[PDB]
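Visitor:
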Amino acid sequence: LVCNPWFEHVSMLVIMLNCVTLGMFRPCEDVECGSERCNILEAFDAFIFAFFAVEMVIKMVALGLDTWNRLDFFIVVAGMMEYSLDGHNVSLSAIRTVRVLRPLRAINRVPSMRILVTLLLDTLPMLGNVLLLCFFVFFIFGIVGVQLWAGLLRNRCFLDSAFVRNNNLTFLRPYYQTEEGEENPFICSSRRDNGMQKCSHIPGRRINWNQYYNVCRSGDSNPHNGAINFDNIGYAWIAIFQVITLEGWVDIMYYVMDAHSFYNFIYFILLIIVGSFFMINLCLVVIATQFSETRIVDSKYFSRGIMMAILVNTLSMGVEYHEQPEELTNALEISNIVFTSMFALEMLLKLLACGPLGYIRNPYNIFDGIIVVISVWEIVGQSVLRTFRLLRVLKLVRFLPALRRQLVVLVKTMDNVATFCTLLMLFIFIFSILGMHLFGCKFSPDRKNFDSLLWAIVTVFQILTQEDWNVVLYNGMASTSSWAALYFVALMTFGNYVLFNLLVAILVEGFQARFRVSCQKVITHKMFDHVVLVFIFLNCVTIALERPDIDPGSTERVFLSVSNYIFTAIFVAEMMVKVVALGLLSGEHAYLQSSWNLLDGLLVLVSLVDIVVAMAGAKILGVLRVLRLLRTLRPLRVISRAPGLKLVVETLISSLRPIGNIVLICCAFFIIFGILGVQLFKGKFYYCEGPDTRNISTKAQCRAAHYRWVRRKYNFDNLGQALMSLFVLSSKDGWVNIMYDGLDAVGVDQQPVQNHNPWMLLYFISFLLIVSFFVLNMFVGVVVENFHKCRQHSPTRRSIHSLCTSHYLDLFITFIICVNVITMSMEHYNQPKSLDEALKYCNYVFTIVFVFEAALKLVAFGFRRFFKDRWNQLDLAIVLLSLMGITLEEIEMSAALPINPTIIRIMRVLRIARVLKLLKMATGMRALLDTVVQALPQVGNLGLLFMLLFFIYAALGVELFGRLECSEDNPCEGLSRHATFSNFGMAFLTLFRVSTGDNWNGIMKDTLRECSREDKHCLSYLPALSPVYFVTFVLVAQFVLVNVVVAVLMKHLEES
Ligand SMILES: CCCCCCCCCCCCCCC(=O)OC[C@H](COP(=O)(O)OCCN)OC(=O)CCCCCCCCCCCCCC
Ligand SMILES: CC(C)CCC[C@@H](C)[C@H]1CC[C@H]2[C@@H]3CC=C4C[C@@H](OC(=O)CCC(=O)O)CC[C@]4(C)[C@H]3CC[C@]12C
Ligand SMILES: CC(C)CCC[C@@H](C)[C@H]1CC[C@H]2[C@@H]3CC=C4C[C@@H](OC(=O)CCC(=O)O)CC[C@]4(C)[C@H]3CC[C@]12C
Ligand SMILES: CC(C)CCC[C@@H](C)[C@H]1CC[C@H]2[C@@H]3CC=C4C[C@@H](OC(=O)CCC(=O)O)CC[C@]4(C)[C@H]3CC[C@]12C
Ligand SMILES: CC(C)CCC[C@@H](C)[C@H]1CC[C@H]2[C@@H]3CC=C4C[C@@H](OC(=O)CCC(=O)O)CC[C@]4(C)[C@H]3CC[C@]12C
Ligand SMILES: CC1(C)C[C@@H](CN2CCC(F)(CNC(=O)c3cc(Cl)cc(Cl)c3)CC2)CCO1
Ligand SMILES: [Ca+2]
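Below you can see the structure in the form of structure tokens.
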């Protein structure tokens, strides 16, 4: 019975059968239970429970009263409750949700999965230190947010009560709401605040009703059907968690910038650094560390000739585009006819030399033979085989030993990744059917729905890639309850911050296992570099003051122009003195013998050319524009003057060498999938734009209805457009909307139809999985190489003294603060007056208790001894600080009111410093933080290079996208009043959003759209420079952040 191993196979067979039974559930066709298909299924479910209820009885009898056995018991008891409770209509369907745990039974049956899970479960206990840091981040930022912005997102511009009453009119809506309704609320700034958006910024009517919306008072709903708000700690954590995932964090920021103050970007800039970057990556570091702790034919010319033939044929395949001329199509087919014949000629020649048996011996020779038959088949069969022509690129593996070796390493990586992938599909499947039960037919139908297994699996994969996962959250919260946020918190936590970081650990562990003399003296002078470095810094200020809105006749413009001449002359002399002392190139130690000196040569050379063009009253405007762009690279001279920056830059360029092959393989997949996308999707990315297009089906009907026939910004018309779209897909920002366009594509001059071809999910989901795999071997490649580099390198006082030294006092304080932590989370918007008094009294008790602690501490140790320890100093600061906060509160109560209310609010917010006491107790957390501190010298310079990169691009963006405008005639999708390149200050903030990758594809869209005919000073080739601007910044920015993570990882490993 139980001894025989085949019994387990029988149990496994039933398990797989139970999984398919769950996957056939239809959310809102089986709830009625009136169909015959449901009737057979429920019987089929009942039969399966009988087996498992039977089996558990046999096993219990055989073995009597193993964690997995306990889980199996829990499923039986829970389902028995569901089964036995039948006949009671009170929450019968709700009890039906526990059956989603049945597939977990498969973990124990598969030995490989059981081992991996067991290893995973033994790594969790050491993640508590990271969890405590998560509590500090959420709790500190969760109360500061509530204290500042509690109830400020309800604000709306209302009509005056006297106005409506006296004039006896009630046709107007009570408060301004744009015609989209509550989906895009207009949040105003209260009179006592200084938010950016005021009720006087309301656009006029388009005699005027809008001008009478001139009262900003609290409304009756928060943004997104109440989902986004800070009215209490519960709703503040939903907002903070969404910011940590870097999805829609700007939208939350803009809401409080419009209502409270522009300087709220400080709150979100710190959160994205402390929480989104360091906290969410310290999880990766801890897991990875802990896992490690647990005759003519053979001629060279012939091979080169064949290699060239394949390469040229591949290039030809990528020259197709929409509206292709007929002659070009004919030429390509003739080219295909020739190339396949050439391979056929090679196919025959090799057969003769080695014979039929000899040719079969070579494995690559077998693959080539498979290609010739299909190539000839296509001609003789004269379109599905056309898509198979892309396989010819695989022939190049024969002649690339470096890539051939690399591909072998990646292929062998699948043996270790196979077990994990099986664990990810089970994880997704359980959450897919769980979602169906909760959000079944409740999303009234949105494309991101849980109405069926196919579209429930896709919506769970989309959430885990963090693309519009908040849009689903709002629908989930509104439909069922605000507590539905727990579904997304668990799905995003166990999936991205546990399972994904386990995959990286699997890979890492697998791999791991006379005048000239004067010049010579002046340049060699110690302070020469620092003197020059000061001039460069002053030159950065001049660059950062440039902006489009500078009036040419103003004094600022002349000042900027004059300084440019001064700095140009200064740096010419500095270059001139160096060359005289060292010589241009003739000498061995000549000036141009080092790249850094060469870099300064070009920067000086372009400056001289700029002067000449400026000297020239001629048609040279185009040249002046290019020069203005290259004059933003001047800050690059800082690297050679700072030894710390020079070393790190040379280190990053070194890290690119080990992963060079993977990059080349990654760039080869972009072209392969880019060419494939063009063939499938060229010319099909057009749609009819208008208020109502349910009738439109073709281009002509769109013109007849006086609507506009437009094209998607990200399409696959040609390999140029296909590569730009694939990069956006790979970045996982806006990747869903490109998928929707592919599914809806119908044909040339045809209106797309929703979910026309669901089979295209394979093209897009496959790309996002393959690319994520490569970009995971780049991170591992950097880590492994770094590890290689690192290895090679009085009686009344005595009782008081006993108490203070005793741990009793410390643990008592930890209890009081934990109570204070609870009390501080009691506050919410519009709390009852009784609560205000109760919380005020609770503050009194804490104040005196802390005061006694300081008094006892002073007596036990003495004034000089007590002040020595830094912890005691921290106590004194808060106790002194706490007294100041309470003192002002009582004066505010008192008749005198000289205290500005901002002071009282700031004091209340700053009283959260009491939580810092607990940091003393958490020895484990402190040691984790010490790891980052030990890594600061390496991470400090990488932060300097991050800011230098920001400065160059922030100043460059202003030059490029400075004059782009947003208007109802030319609407913008990513830019707004908050995200603009108008000046250096705003371009700096916009680039921070781009680095986080929040709707950065929307910003690029706004630069690709054609300018208005009437508008002037519009750069004709801007759509060509924009993709280069955003691609290079995204890749350069992400490479630096990866190295910061590797730097901390190494310090952790070498400390344990
Ligand atoms: C340490 C934190 C780390 C994880 C944080 C991740 C995000 C957690 C979000 C989960 C909680 C979701 C509930 C949010 C909430 O407050 O709303 C519930 C309720 C409103 O929903 P009704 O459908 O009842 O609407 C009633 C309309 N009149 O809000 C309330 O009115 C009070 C709910 C309790 C307040 C929150 C206290 C507990 C803390 C949050 C719970 C999650 C803990 C996360 C570990
Ligand atoms: C460690 C902490 C998180 C646990 C203990 C804190 C709770 C006891 C606090 C946190 C937030 C408080 C809530 C914040 C807001 C509200 C809504 C308020 O008004 C409503 O019920 C209307 C809600 C709506 O309209 O959305 C009633 C009190 C209540 C439930 C508060 C009751 C006390 C709560 C649950
Ligand atoms: C990268 C390797 C593997 C293959 C080489 C790719 C090229 C064949 C691609 C890259 C850029 C592509 C071009 C990008 C843009 C255009 C413009 C497009 O429209 C026009 O010619 C504009 C006409 C006008 O403006 O009046 C026609 C296709 C073409 C030439 C594309 C043809 C195919 C090109 C040359
Ligand atoms: C180390 C480097 C980066 C130098 C330090 C940065 C400064 C040069 C930046 C940061 C803040 C910037 C300022 C932020 C805000 C404004 C207002 C803004 O004014 C307008 O565009 C006009 C407004 C109006 O007319 O109402 C743009 C210029 C200015 C002074 C910016 C000029 C450049 C400043 C001083
Ligand atoms: C291989 C992976 C890592 C991506 C690398 C970056 C690409 C996404 C970039 C590099 C060059 C870019 C192309 C450079 C120039 C053009 C021409 C541009 O068309 C025009 O010039 C029309 C505007 C005009 O009239 O000036 C359309 C975008 C495109 C194909 C760009 C698309 C995005 C490209 C392929
Ligand atoms: C390795 C890197 C370059 C990426 C960084 C990972 N980092 C945090 C988790 C994150 F990947 C979210 N996870 C997904 O998006 C995801 C995507 C796929 Cl295809 C499947 C699934 Cl299950 C999840 C976002 C970025 C970690 C250190 O640096
Ligand atoms: Ca996004």
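Residue numbers for the sequence shown, in the entry's author numbering: 96 to 160, 169 to 309, 338 to 425, 788 to 875, 881 to 942, 952 to 1020, 1282 to 1384, 1388 to 1564, 1604 to 1866. Ideal Cβ positions, reconstructed from N, Cα and C, are used throughout, including at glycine.
#1: The alpha helix (DSSP H) with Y278 in it runs from where to where?
#2: Could you name the residues of the same chain whose beta carbon sits closer than 7 Å to that of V1554, not counting the 5 residues immediately before and after it, in chain order?
#3: Compute the minimum distance between the beta carbon of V996 and the heavy atoms of ligand 1, and state whether it is under 8 Å.
#4: Within 8 Å: the Cβ of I803 and any heavy atom of ligand 3?
#5: For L1668, which residues in the same chain have their Cβ closer than 8 Å to its Cβ, ignoring the five residues on either side in sequence?
#6: Assuming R173 and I110 form a contact by the criterion Cβ under 8 Å, report the distance between their Cβ atoms to the nearest whole angstrom.
#7: Check whether the Cβ atoms of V979 and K955 sit closer than 9 Å, and answer yes or no.
#8: What residues in its chain sit with their C-beta under 8 Å from that of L1497, if we drop five residues either side in the sequence?
#9: With DSSP as the reference, label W1480 as helix, strand or coil.
#10: By Cβ distance, which residues of its chain are closer than 6 Å to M1531, with the 5 residues on each side in sequence left out?
#11: Pick helix, strand or coil for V126, following the three-state DSSP scheme.
#12: Beta-carbon distances below 5 Å to any heavy atom of ligand 3 define the shell here; list its residues in chain order, please.
#13: Which residue wins for smallest C-alpha separation from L222, given the options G379, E819, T917, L158?
#14: Does the distance from the CB of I418 to the CB of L1009 come in under 9 Å?
#15: Give me the residue from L1691, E424, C98, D189 with the minimum Cα distance to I1013.
#16: Is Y852 helix, strand or coil by DSSP?
#17: For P277 and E286, I'd like the C-alpha separation in whole angstroms.
#18: Considering only residues of the stretch 1608-1654, which uninterrupted alpha helix (DSSP H) runs meet the minimum length of 4 residues and lie entirely inside it, listed in chain order?
#19: Can you give, in chain order, each stretch of the alpha helix (DSSP H) that sits fully within the stretch 1500-1538 and has at least 4 residues?
#20: For the alpha helix (DSSP H) that contains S215, what are its first and last residues?
#21: Considering only the alpha carbon of each residue, which of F261, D1808, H1617 lies closest to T273?
#22: Of all the options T200, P100, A900, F1456, which has the alpha carbon lying nearest to the alpha carbon of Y814?
#23: Closer than 8 Å to a non-hydrogen atom of ligand 6 - does that hold for the CB of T1403?
#24: In chain order, what residues of the same chain have a beta carbon less than 6 Å from the beta carbon of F146, not counting five sequence neighbours either side?
#25: Excluding five sequence neighbours on each side, which residues of the same chain lie with their C-beta closer than 6 Å to the C-beta of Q1288?
#26: Quick check on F261: does DSSP put it in helix, strand or coil?
#27: Could you tell me which of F1840, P1747, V895, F1849 sits nearest to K1861, measuring between CA atoms?
#28: Examine the Cβ distances between the stretch 1481-1494 and the stretch 1450-1465 and report whether three or more of them are shorter than 8 Å.
#29: What did DSSP end up calling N1332 once you bin it into helix, strand or coil?
#30: Out of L1707, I1716, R1721, point me to the one whose CA is closest to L1690's CA.
#31: Going by beta carbon distance, what residues of the same chain come within less than 7 Å of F1798, once the five residues before and after it are set aside?
#32: What is the rounded straight-line gap between the Cα of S1501 and the Cα of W976?
#33: Evaluate the contact criterion for the stretch 243-256 versus the stretch 359-369: three or more CB pairs, one atom per stretch, below 8 Å.
#34: Thinking C-beta only, is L932 closer than 9 Å to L1006?
#35: Quick check on this structure: which residue in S834, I859, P899 has the alpha carbon closest to the alpha carbon of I872?
#36: Per the DSSP calculation, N1853 is bridged to which residue(s)?
Guide: So, from the data block:
#1: As a first step, residue 278 must be located in the sequence shown, where it is residue number 175. No alpha helix (DSSP H) contains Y278, which DSSP labels as neither H nor E.
#2: Within the sequence shown, numbered from 1, the residue matching residue 1554 stands at position 783. Cβ neighbours of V1554 beyond the five flanking positions: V1015, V1856, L1859.
#3: Indexing the sequence shown from 1 puts residue 996 at position 489. Yes, Cβ of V996 sits closer than 8 Å to a heavy atom of ligand 1.
#4: Here residue 803 corresponds to residue number 310 of the sequence shown, with the count starting at 1. No; taking the cut-off as 8 Å, the Cβ of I803 has no heavy atom of ligand 3 nearer than that.
#5: By one-based count along the sequence shown, residue 1668 stands at place 858. Answer for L1668: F1676, listed in chain order.
#6: Sequence index remark: in the sequence shown, residue 173 carries index 70 (1-based). Sequence index remark: in the sequence shown, residue 110 carries index 15 (1-based). Rounded, the Cβ-Cβ distance is 17 Å, inconsistent with contact.
#7: Along the sequence shown, read from residue 1 onward, the residue named residue 979 stands at position 472. Along the sequence shown, read from residue 1 onward, the residue named residue 955 stands at position 448. Cβ atoms of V979 and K955: closer than 9 Å.
#8: By one-based count along the sequence shown, residue 1497 stands at place 726. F1441, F1444, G1445, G1448, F1538, listed in sequence order.
#9: By one-based count along the sequence shown, residue 1480 stands at place 709. In this structure, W1480 counts as strand in the three-state DSSP scheme.
#10: Start at 1 with the first residue of the sequence shown, and residue 1531 comes out as number 760. Contacts found: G1513, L1514.
#11: Within the sequence shown, residue 126 is the residue found at index 31, counting from 1. Note: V126 maps to coil in three-state DSSP.
#12: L808, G811, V812, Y814, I1442, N1489, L1490, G1491
#13: In the sequence shown, residue 222 corresponds to position 119, counting from 1. If we check each option's Cα against that of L222, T917 comes out closest.
#14: By one-based count along the sequence shown, residue 418 stands at place 287. By one-based count along the sequence shown, residue 1009 stands at place 502. Yes.
#15: Along the sequence shown, one-based indexing puts residue 1013 at 506. Minimum Cα distance to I1013 is reached at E424.
#16: As a first step, residue 852 is located in the sequence shown; it is residue number 359 there, counting from the start. Reduced to three states, the DSSP call for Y852 is helix.
#17: Along the sequence shown, read from residue 1 onward, the residue named residue 277 stands at position 174. Along the sequence shown, read from residue 1 onward, the residue named residue 286 stands at position 183. Taking the straight line joining both Cα atoms gives about 17 Å.
#18: 1617-1634
#19: 1506-1515
#20: The sequence position of residue 215 within the sequence shown is 112, counting from 1. Element bounds for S215: 214-226.
#21: The residue labelled residue 273 in the question sits at position 170 within the sequence shown. Residue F261 is the option with its Cα nearest to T273.
#22: Here residue 814 refers to the residue found at position 321 of the sequence shown. Looking at the Cα atoms, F1456 is the closest of the given residues.
#23: Translated into the one-based positions of the sequence shown, residue 1403 becomes position 632. Checking the Cβ of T1403 against ligand 6 gives no.
#24: On the sequence shown, residue 146 is found 51 positions in, with the first residue counted as 1. Answer for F146: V109, listed in chain order.
#25: Here residue 1288 refers to the residue found at position 520 when the sequence shown is read from its first residue. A1349.
#26: Residue mapping note: residue 261 aligns to position 158 of the sequence shown, counting from 1. Strand, per DSSP.
#27: Walking along the sequence shown from the start, residue 1861 turns up at place 1051. Cα-wise, what sits closest to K1861 is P1747.
#28: yes
#29: As a first step, residue 1332 must be located in the sequence shown, where it is residue number 564. It is helical.
#30: For the purposes of this step, residue 1690 is taken as residue 880 along the sequence shown, with counting starting at 1. The candidate whose alpha carbon is nearest that of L1690 is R1721.
#31: Sequence index remark: in the sequence shown, residue 1798 carries index 988 (1-based). These residues qualify, in order along the chain: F1760, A1764.
#32: By 1-based counting over the sequence shown, the position of residue 1501 is 730. By 1-based counting over the sequence shown, the position of residue 976 is 469. So the two alpha carbons sit approximately 17 Å from each other.
#33: yes
#34: As a position in the sequence shown, residue 1006 is number 499, starting the count at 1. As a position in the sequence shown, residue 932 is number 434, starting the count at 1. It is not a contact, given that the beta carbons lie outside the stated cut-off.
#35: Numbered from its first residue, the sequence shown carries residue 872 at position 379. Of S834, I859, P899, the residue nearest in Cα terms is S834.
#36: Along the sequence shown, read from residue 1 onward, the residue named residue 1853 stands at position 1043. Answer by DSSP bridge pairing: none, since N1853 is not bridged.
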